[PDB]
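Listed below are the residues making up each chain.
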Amino acid sequence: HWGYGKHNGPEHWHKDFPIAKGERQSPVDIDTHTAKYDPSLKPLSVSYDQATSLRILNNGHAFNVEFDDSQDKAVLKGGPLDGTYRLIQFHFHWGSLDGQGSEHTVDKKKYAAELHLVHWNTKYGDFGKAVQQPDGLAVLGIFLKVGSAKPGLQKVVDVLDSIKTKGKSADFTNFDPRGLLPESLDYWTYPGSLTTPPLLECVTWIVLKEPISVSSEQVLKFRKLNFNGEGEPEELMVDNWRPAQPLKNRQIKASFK
Ligand SMILES: [Zn+2]
């Protein structure tokens, strides 16, 4: 199947998912000097007060914290977006070492990890129909660097022992995703795709400029997860990131001067 190893990783994905070589693939390098400030962007609105987390799941590629998206409980609006996008899950990509792990890069800089908060456009009714649309999804991306601990991350780190292997899940109610956000909502935005198979070109990317800091100990617990299932040979879940893809005919916009 697909994965991140030598034999089924990003260089091989195109054989089953030919859109991998398409015109609006993600991630990309964000060249900060070439991004254009757009005064037309409206402020970003992150409204997570009534988010309802439900469960955390190791899917063999990352872990997802899942939300109740049957009502507008946690939504993203404004910025480059038309309409309302509802939070359905978040997950991370991370490295085997602190010098790598992010999917997007900033002037070729790789961060230790990258958080993706995934939202679908409520005009399409549910996630599955949204990923048949060029404006179906909005993913809020946040970089992680290693430094001081992020207190709002610690409940996630502490449940990882219960979902070590592919297919395990655990209750994960009453988690507040606002505790994963940096102070500033300054961002870059561009049209792109899912960064894993099926690599569908449905995503408005919104990448925050300000990273959050997490401790060495917190990201080390990410690296103890497993890609394999229970009872199978252990393969640590590390380096589950896709490298930067060609920008092609795209412009990255900045919300800030
Ligand atoms: Zn992701």
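Rules used in this analysis
- Residues numbered from 1 in each chain as written, not as in the entry; some residues may be left out.
- Heavy atoms only, no water.
- Core = buried A, V, L, I, M, F, W, Y, C linked by side-chain atoms within 4.5 Å.
- Buried < 20%, exposed > 50% of the residue type's maximum accessible area, 1.4 Å probe, protein only.
- Helix = DSSP H or I, 4+ residues; strand = E, 2+ residues; numbered from the N terminus.
- Contact = heavy atoms within 4.5 Å.
- UniProt positions renumbered as here; feature names shortened; annotations may be inferred.
- Polar contact = N/O pair within 3.5 Å; in protein donor to acceptor, adjacent residues only side chain to side chain.

Structure determination for this entry, per the PDB record, employed X-ray crystallography and reached 1.25 Å resolution.

Q: How should I be thinking about the nonpolar core in this particular structure?
A: Ranked by internal contacts, the top residues of the largest apolar core, which has 49 residues, are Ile56, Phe63, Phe90 and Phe92. Taken together, the elements giving at least two residues each to this core come down to β5 (63–67), β7 (85–94), β9 (113–121), β10 (137–146), α2 (154–159), β13 (203–208), β14 (212–214) and α3 (216–222). Per element, the largest residue contribution to this core is five residues, and it comes from β7. Residue contacts for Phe63: discarding those within four places in its chain leaves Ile56, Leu57, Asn58, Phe90, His91, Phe92, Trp94, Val156, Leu160, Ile163, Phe222 and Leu225. One finds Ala35, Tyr124, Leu137 and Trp205 within the second-largest nonpolar core, a separate group that totals 24 residues.

Q: Please explain the UniProt feature "binding site: Zn(2+)" in the protein chain as it appears in this structure.
A: As annotated by UniProt and renumbered to match this structure, "binding site: Zn(2+)" occupies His91, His93 and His116. For this annotated set, covering 26 residues, all C-alpha atoms fall within 8.2 Å of each other, a compact arrangement in space. Inspection of the secondary structure puts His91 in strand β7. Residues in contact with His91, not counting those within four places in the same chain, are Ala62, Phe63, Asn64, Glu114, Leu115, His116 and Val118. Side-chain polar atoms of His91 contact the side chain of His93, separated by 3.2 Å. The class for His116 is buried, based on a relative accessible area of 2%. Residues within four places of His116 in sequence aside, it is in contact with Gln89, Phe90, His91, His93, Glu103, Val139, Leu140, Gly141, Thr195 and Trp205. Separated by 3.1 Å, the side chains of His116 and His93 make a polar contact.

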